[PDB]
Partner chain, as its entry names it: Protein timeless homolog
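Okay, here we've got a single chain as structure tokens, the form solved without its partner chain, with questions on binding and movement later.
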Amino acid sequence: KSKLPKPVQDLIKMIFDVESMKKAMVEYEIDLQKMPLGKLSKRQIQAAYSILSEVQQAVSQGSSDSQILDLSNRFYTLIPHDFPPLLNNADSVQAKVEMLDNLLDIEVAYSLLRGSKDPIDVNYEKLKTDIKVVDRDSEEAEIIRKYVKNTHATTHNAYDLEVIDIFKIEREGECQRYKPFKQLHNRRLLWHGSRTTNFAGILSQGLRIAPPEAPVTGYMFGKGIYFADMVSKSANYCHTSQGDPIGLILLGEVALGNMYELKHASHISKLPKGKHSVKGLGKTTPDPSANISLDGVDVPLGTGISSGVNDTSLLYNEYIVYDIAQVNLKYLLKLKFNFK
């Protein structure tokens, strides 16, 4: 019988939930009979990202309708679906890139799982992350809760958020890998929301950069690690419904350095000299006059006020780093979503 405290055991259950893995696949219209959870592989996915990279290049550089259709036919061969939309544009590509991002982390969670002691303690060790419950009445839980209420956007009014549990986390080797940037200026505690089915992958391997095979054109600001300073922007990425109105969000200390400010899409491979991050400018920004500090990290917990900028693609800000060593995962929050 496991010694871990109940909110932790309950977190481990959610993360390694094989049912939620299948649900998330069927939501991306995958053919479970032609390709179930067990038949999913890292290199199949990586090859499917490569076909998408080839699709985007064929659309860009003038290629025959016959060519793109063959590249498309191969994607659907490699990843069987059951609905066959032609992958001939940036939109069709982004939708498949978003699905593979989920498949890659689902296959990570199923590889660990299917690879003496209580099975919960075993699965917790495969995470290679120390997890502690943060006491509700601490300074840490004071700051983390205010950040939530304030930075929830007015337009994402469809639900209200309620904090269930706050976990302090520590990935093995992350502080040592972080050491080079531990010095950098502009250090912000930012939100990163993802489906619960991706958390085994995020804790075991940390937040990564998409595989080399993934098209840089498949992400608005290219192949980086993305954060928001507005809780609801990241909480929307939890994709909580009603069969599961409980999602997980991360808080990571991010080494922003010099921010390359952008208003629109920029499919960036590497940053220009003199820059360490990208800041996508939102129409609404959390007030810089209500900012606070926590353990050497700046917290933009200010309320949502106009940034001035109007000619932008983004309603709200977002932050991108292009080195995995620029992020320090600090907290995992378990949230309750209350829909209208």
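The term rigid core refers to the most C-alpha atoms you can superpose between the two forms while keeping them within 1.5 Å. Positions refer to the first chain, counted from 1.
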{"query": "Third-or-more of other entries without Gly62", "finding": "yes"}
{"query": "Residues of the deposited sequence left unbuilt between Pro84 and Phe83", "finding": "4 to 9"}
{"query": "Mean temperature factor over C-alpha atoms, higher-scoring stretch between 293-301 and 44-52", "finding": "293-301"}
{"query": "Per the entry, higher mean C-alpha B factor between 146-154 and 89-97", "finding": "146-154"}
{"query": "Residue with maximal Cα B-factor (values as given in the PDB entry) among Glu139, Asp130, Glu213, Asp105", "finding": "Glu139"}
{"query": "Deposited CA B-factor, highest of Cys175, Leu251, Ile169, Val254", "finding": "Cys175"}
{"query": "Ranked against its chain, the third holding the CA B-factor of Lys182", "finding": "highest"}
{"query": "Modelled-residue ranking by C-alpha temperature factor, third containing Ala265", "finding": "lowest"}
{"query": "Lowest, middle or highest third - CA B-factor, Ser204", "finding": "lowest"}
{"query": "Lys126, C-alpha B-factor rank within chain (lowest, middle or highest third)", "finding": "middle"}
{"query": "Third of chain Cα B-factors occupied by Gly222", "finding": "lowest"}
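Below, we turn to the form solved in complex with its partner chain, even though it does not appear here.
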{"query": "Touches its partner chain in the deposited bound form: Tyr319 (any heavy atom, 4.5 Å)", "finding": "no"}
{"query": "Contact label in the deposited bound form: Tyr147 to its partner chain, heavy atom within 4.5 Å", "finding": "no"}
{"query": "Partner contact for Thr77 in the deposited bound form: its partner chain, 4.5 angstroms, heavy atom", "finding": "no"}
{"query": "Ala325, heavy atom within 4.5 angstroms of its partner chain in the deposited bound form", "finding": "yes"}
{"query": "Full three-residue contact with its partner chain in the deposited bound form, heavy atom 4.5 Å, for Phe181, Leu184 and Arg208", "finding": "yes"}
{"query": "Contact assignment for its partner chain in the deposited bound form, among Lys270, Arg136, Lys132, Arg114, heavy atom within 4.5 Å", "finding": "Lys270"}
{"query": "Segment assignment from 161-169, 245-253, 208-216, 117-125: heavy atom within 4.5 Å of its partner chain in the deposited bound form", "finding": "208-216"}
{"query": "Rigid-core fit between this form and the one not shown, the member of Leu294, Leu301, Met35, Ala48 whose C-alpha shifts 2 angstroms or more", "finding": "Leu294"}
